[PDB]
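Colleague: Fold the following, please.
(chains A, B, C and D)
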Amino acid sequence: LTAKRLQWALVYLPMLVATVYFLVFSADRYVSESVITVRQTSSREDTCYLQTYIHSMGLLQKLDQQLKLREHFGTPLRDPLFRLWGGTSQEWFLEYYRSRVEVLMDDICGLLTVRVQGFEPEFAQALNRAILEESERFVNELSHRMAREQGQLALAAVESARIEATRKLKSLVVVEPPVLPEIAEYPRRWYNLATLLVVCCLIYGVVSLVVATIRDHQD
Amino acid sequence: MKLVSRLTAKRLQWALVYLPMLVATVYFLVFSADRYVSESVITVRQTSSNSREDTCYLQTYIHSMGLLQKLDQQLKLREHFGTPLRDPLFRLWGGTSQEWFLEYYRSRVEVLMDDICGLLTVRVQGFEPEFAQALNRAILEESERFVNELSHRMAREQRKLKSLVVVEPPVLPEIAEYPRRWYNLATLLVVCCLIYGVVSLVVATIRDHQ
Amino acid sequence: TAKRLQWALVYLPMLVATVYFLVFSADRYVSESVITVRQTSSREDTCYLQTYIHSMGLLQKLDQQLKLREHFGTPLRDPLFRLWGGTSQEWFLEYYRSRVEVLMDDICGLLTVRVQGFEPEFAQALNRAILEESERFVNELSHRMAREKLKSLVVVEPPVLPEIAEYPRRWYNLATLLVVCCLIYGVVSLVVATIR
Amino acid sequence: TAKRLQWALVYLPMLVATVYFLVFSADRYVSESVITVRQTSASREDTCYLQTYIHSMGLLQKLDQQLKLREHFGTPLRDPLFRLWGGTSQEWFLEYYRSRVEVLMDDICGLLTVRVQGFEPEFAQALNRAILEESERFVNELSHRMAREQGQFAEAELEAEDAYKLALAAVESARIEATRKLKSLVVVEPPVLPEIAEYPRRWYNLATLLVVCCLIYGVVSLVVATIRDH
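Modeller: Numbering: from 1, shown residues only, chains lettered A, B, ... in the order given. Next up is the structure itself:
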C-alpha cells in the first residue's frame, strides 16, 4: 500500500476517466428557458395545477405523439449516460423527461420558470412552445368543462351556460417567451473537472493521513 | 450465562448476518409478486357556491368501508387479490375477516395530500396494470358521485353542484414499481451489518465482564 | 433476598393476565362512523355534538330505547369489563363514556364515533341510534331557538357491522405488560443493589 | 520552498492588480432612475413582472436592434476582462447585460431602482430611457393581450334583439378596453446624465484580494508544513 498505488487509484484514474468522458464522449445539451403566469381575464391554485400538469403523464403522451421525443433523445450515441436507451420502460421515460424539463416556482410573484433541455436548440424551443400551448389549452379546457357541466328562466340559464362554455375565461401570459439558445450550457465540463480534482485531492490526503496514523503503531 | 461463550464470531454471523440475505434472496427473486401502480391526481372545486375541507372529506371517504363494499361488489377485489399464490406476504388469503380486508385495501390504496395548495394524489396497486387502472377509475367515479350526493342530499332536503377536477387521469402502467428488489436487498445488508456490529460489541463486553 | 422481587414482582402479574385474557376475557366488537354537521342553507354545532354525545340526557333516552343496562350485563365470565348489576348512575355514565369513544379531527372538522358492544348488530344499532338522536338534537336546538330542517348531518361513513372482535388485543396487552414489568424489575433491582 | 513561497501567493497577485486597475482599467459611467408602475384611475406584482422583464432576453434583443450595444461594449480595448469580446456566445452576452444593468426593489414602498452601466454618459442615459420606454410599452401590451382575445370572442359572438344588444355592448366594451392605456408607468426619478465614473472602485477590490491572498498563503503554508513533516 505505497503512496504510488494510492495516487494512481484515487487521483489519476478517476480524473482520467472524467477527462476522457467530459471531453470526447459527453453530448452537449441546450436549455431554452421561459417565464409564464396564468391570470383571470376581466392565482396560486392555477399555478399549482400548471406545475403538476407539466410533469404529468398525459402531457408526455401528447408531446411524444406530437414532437417525437423518444427518437430525438436517442440520437446521441457517443454519450451513454444522458442518452435515452431504446426499448426502455415507460416509467424510465417519464423520469427522464422529468429530469430534462426543470420547473421552478417564484412564490413571491407566483411565476413559473420552465427550462427545457434538448440536443438541438430548435428542438428545445419547439418543445417549450408546445409545452406552453398545451398548458394554455389544458387550463382553458378545465374551466370550459367545469362551466359546461355546471350550467347543464331556463332560456337565460342555457344562454349563460353556452356563453360561459365558449368564453376564454382563463389565459396564460408569457412574461419571457421561449428563447432559442446559441451554445449549450450543459454539462459544465471545466467546473465539474475542478470540483472533482479538489474532491479526490482531499480524499487522497485524508486516506494518506489515516494510513500514516495506523502505520504509526510499530510494536 | 453458559450459552454466552457458545456465540462465537462465526456463529452470530450465520445467525443474523448471512441467513437474512439467504431468505431475502429466495423470497424477493423467486417468490415475490410484481405490483403495478396506477397514479392519479385530483382536486374538488367550489362550484357548489351558487375548499381544502372537501378534499379532506374525500381523503376520509376513500379509506372508508362503504366505498370498499361498493368496489368489492363492482370489480370483485377479494377474488383478484388472492391471485398470486407464489407470494403469501403480498396476497389476500381466502376466508379472512372483513376488518383484515379493510386493512389490506387501506394498505394497497395510498392517498396523499399536497398541503401547500391541496392536491389529492392517489396511487393504486394491483397485480395487473389494467386492473389497477380500472380500480383507480372506479375510485374516481365513486368519488365524483359521493361529492355530488354530498350536496344533492341537502338540496333535496331543503343539478351537479360540486365537480371533480382531474389534473392527472389514471394512467396505465407498463412495468411494476413494487417491490424494489435490489434496493431492499441493499438496505437489508446495511441494517443486518449494523446490528451485527452492535451485538458483537455487546457480546464482547458481556463476555469480558463475566 | 432478591428472589422475592424476582418472582413475586413480575411473574404473578403475568399469570394473572394470562388467566384473564386467554379464558376469562370477553370479546368486544366495535362499530365505527364518521360524520359532520353542516347547515343546509359550523364548528359550534360540532362542539355541541361532542358535548352532547357523552352527556346524561342522551344516556337516558338510549337506555329507554335499547336498554343498554341489560345488554352490558350479559357476560358473567368477564368480571372487570362487564357492567355490575345495581351500580350507581355515575358509574353507569363513566361506563357509557368508556364504551363510546368520540374523536375530533379539527384540521377539517370531522367527528368519528367508535361504539363497543358484545354483539355486532347491537353495536350497529347503538351507533345508528346515536346518529339519529344527535341529528334530532341538532335541529331541535334551532327549533327551540326560533320557536319563540334548519340543519343536517353529513354522513361520510355510516355505521358498519363488525365481523370479528377488534377488542381486546390480548397478545399486544400481554407484550406491553411484560415490557413494563421487566423495566420495573430492572429499576427496582438496580436501586436495591446500589443501595447496598 | 521556504522564503520564495510567499513571493507568489501574495505580493505578485497584489501587483498584477494595481497595474491593471490604475493603468489598464477604463471608466464605467452609471445612469440611475427610479420607477414604479401604477393602475390608472396591490401593484407590487406588476413591479416584479417588470423586474423579471428587465433582465429578460427579449428586451435585450429589442435593445440590441435599437441601440446596438454589441459594438459599444467592445469599444475600450484597454480592458481585456471588462470589455465585451467579439464573437462571444449569445448566453455570455445575456450574462454581460445582466451584470451591467442593476435592478433593485425597495419593498416597503415598492420602488424600482435601475442603475445601468456604460462607457459614455449619453449612451448610459439613452439606454436607461430605452428600458423605460420599452417597459412602459410592454406593460400595456401585456394588458392588451388579455383584451384582444375578448375582442375576438365578441366578434365571434356577433356573427331576439336583446342578443344583438348584448353582442354590441360586449364588443364595444372590448374595443374600448383594447385601445385604452390600462397600465401606466410613473417615473419618480428620471434617468440622469452622469459626469464621472463610480463603479470602477479601485481601492475596494484590492482589500478583498489582500484578504483572500493572505488566506491562501496561510492554508498553503500549513499544508506545506504538513507535507514537510511527512
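Colleague: how about residue A:90, what does it touch?
Modeller: By C-beta atoms under 8 Å, 6 or more residues apart in numbering or on different chains, the contact set of residue A:90 is B:173-175. In this view, the C-beta of every residue, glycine as well, is placed from N, C-alpha and C.
Colleague: can you list these in CSV and add distance to residue B:184 and secondary structure?
Modeller: Formatted as CSV, the contacts of residue A:90 follow (distance: C-beta to C-beta, whole Å; DSSP: H, G, I helix; E, B strand; the rest coil):
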residue, distance to residue B:184, secondary structure
B:173, 20, coil
B:174, 21, coil
B:175, 17, coil
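Colleague: Kindly report the residues of chain A close to chain C.
Modeller: By C-beta under 8 Å from any C-beta of the partner chain, no part of chain A sits against chain C.
Colleague: Which residue, other than its chain neighbours, is closest to whatever residue of chain A ends up closest to chain D?
Modeller: Closest approach of chain A to chain D (C-beta to the nearest C-beta) occurs at residue A:182, with a separation of 3.8 Å. Distances taken as C-beta to C-beta, 6 or more residues apart in numbering or on different chains put residue D:90 closest to residue A:182, at 3.8 Å, once the chain neighbours are dropped.
Colleague: Enumerate every residue touching the most centrally placed residue in chain A.
Modeller: The residue lying closest to the centre of chain A (C-alpha atoms, centre = their mean) is residue A:101, at 2.1 Å. Listed by C-beta under 8 Å, 6+ apart, the contact partners of residue A:101 are A:54-55, A:114-117, A:131.
Colleague: same thing but at 7 Å, please
Modeller: Contact analysis of residue A:101 by C-beta atoms under 7 Å, 6 or more residues apart in numbering or on different chains lists A:54, A:114, A:116.
Colleague: Would you list the phi and psi of it?
Modeller: Backbone torsions for residue A:101, taken as degrees, to the nearest 10, come to phi -100, psi 120.
Colleague: how much space is there between it and chain B?
Modeller: Residue A:101 sits 16 Å away from chain B, going by C-beta to the nearest C-beta, to the nearest Å.
Colleague: now residue A:158
Modeller: Distance check for residue A:158 against chain B: by C-beta to the nearest C-beta, it reads 13 Å.
Colleague: before we move on, what about residue A:195?
Modeller: 27 Å.
Colleague: Can you get me a residue count around that residue?
Modeller: 12 (other C-beta atoms under 10 Å in any protein chain shown).
Colleague: swap in residue A:116?
Modeller: Neighbour count of residue A:116, defined by other C-beta under 10 Å: 25.
Colleague: repeat for residue A:156
Modeller: Neighbour count for residue A:156, taken as other C-beta under 10 Å: 8.
Colleague: Check the one 3 residues further on too.
Modeller: Residue A:159 has 15 neighbouring residues, counting by other C-beta under 10 Å.
Colleague: just residue A:47 next, same as before
Modeller: If we define neighbours as other C-beta under 10 Å, then residue A:47 has 21 of them.
Colleague: go on, the one 10 residues further on?
Modeller: Residue A:57 has 21 neighbouring residues, counting by other C-beta under 10 Å.
Colleague: Next up, the contacts around it.
Modeller: A:94, B:168, B:171.
Colleague: got it, and residue A:51?
Modeller: A:103, A:105, A:112.
Colleague: before we move on, what about residue A:180?
Modeller: So residue A:180 contacts A:32, A:121-122, A:125 (C-beta under 7 Å, 6+ apart).
Colleague: Mark which of those residues are buried, thanks.
Modeller: Applying 16 or more other C-beta atoms under 10 Å in any protein chain shown to the contacts of residue A:180, the neighbour count classes A:32, A:121, A:125 as buried.
Colleague: Isn't the last one up against residue A:32?
Modeller: The one in question is residue A:125. Yes: counting by C-beta atoms under 7 Å, residue A:125 sits close enough to residue A:32 to count as a contact (4.9 Å).
Colleague: which residues are common contacts for the two?
Modeller: A:178, A:180.
Colleague: Return the distance of residue A:87 relative to chain B.
Modeller: Distance from residue A:87 to chain B, by C-beta to the nearest C-beta: 12 Å.
Colleague: List the buried residues for stretch A:183-190?
Modeller: Neighbour counts over stretch A:183-190 (16+ other C-beta under 10 Å) mark A:184, A:187 as buried.
Colleague: try stretch A:112-132
Modeller: For stretch A:112-132, burial by neighbour count (16+ other C-beta under 10 Å) applies to A:112-119, A:121, A:123-132.
Colleague: ditto for stretch A:208-219
Modeller: residue A:208.
Colleague: For it, list the C-alpha coordinates in PDB.
Modeller: What follows is stretch A:208-219, C-alpha atoms only, in PDB (Å, rounded to 0.1, in the frame of the first residue of the first chain):
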ATOM      1  CA  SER A 208      -3.000   9.000   3.300                       C
ATOM      2  CA  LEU A 209      -3.100  10.700   6.700                       C
ATOM      3  CA  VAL A 210      -5.200   7.700   8.000                       C
ATOM      4  CA  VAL A 211      -2.700   5.300   6.600                       C
ATOM      5  CA  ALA A 212       0.200   7.100   8.200                       C
ATOM      6  CA  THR A 213      -1.800   7.100  11.500                       C
ATOM      7  CA  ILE A 214      -2.400   3.400  11.500                       C
ATOM      8  CA  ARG A 215       1.200   2.800  10.400                       C
ATOM      9  CA  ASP A 216       2.400   4.800  13.400                       C
ATOM     10  CA  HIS A 217       2.000   1.700  15.600                       C
ATOM     11  CA  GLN A 218       5.300  -0.100  15.300                       C
ATOM     12  CA  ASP A 219       5.400  -2.800  18.000                       C
END
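Colleague: chain center to that stretch, what's the gap?
Modeller: 47 Å (C-alpha atoms, centre = their mean, to the nearest Å).
Colleague: now do stretch A:193-204
Modeller: How far stretch A:193-204 lies from its chain's middle: 28 Å, per C-alpha atoms, centre = their mean.
Colleague: which outside residues touch stretch A:133-144?
Modeller: For stretch A:133-144, contacts defined as C-beta under 7 Å, 6+ apart pick out A:38, A:46, A:49-50, A:53-54, A:59, A:62, A:165, A:168-170, A:172, B:165.
Colleague: neighbour-wise, which of those residues leads?
Modeller: Neighbour counts for the contacts of stretch A:133-144 (other C-beta under 10 Å) peak at residue A:50, which has 23 neighbours.
Colleague: Just list the residues touching that residue, thanks.
Modeller: Counting by C-beta under 7 Å, 6+ apart, residue A:50 touches A:38, A:112, A:135, A:139.
Colleague: Swap in 10 Å and give it another go.
Modeller: A:36-38, A:103, A:105, A:112, A:114, A:131, A:135-136, A:138-139, A:172, B:167 (C-beta atoms under 10 Å, 6 or more residues apart in numbering or on different chains).
Colleague: Then residue A:11?
Modeller: Shown in contact with residue A:11 (C-beta under 10 Å, 6+ apart): A:196-197, A:200-201, A:203-205.
Colleague: Which one of the contacts of residue A:50 is nearest to chain C?
Modeller: For the contacts of residue A:50, the nearest to chain C is residue B:167 (20.7 Å; C-beta to the nearest C-beta).
Colleague: Could you measure from residue A:108 over to chain B?
Modeller: As judged by C-beta to the nearest C-beta, residue A:108 and chain B stand 14 Å apart.
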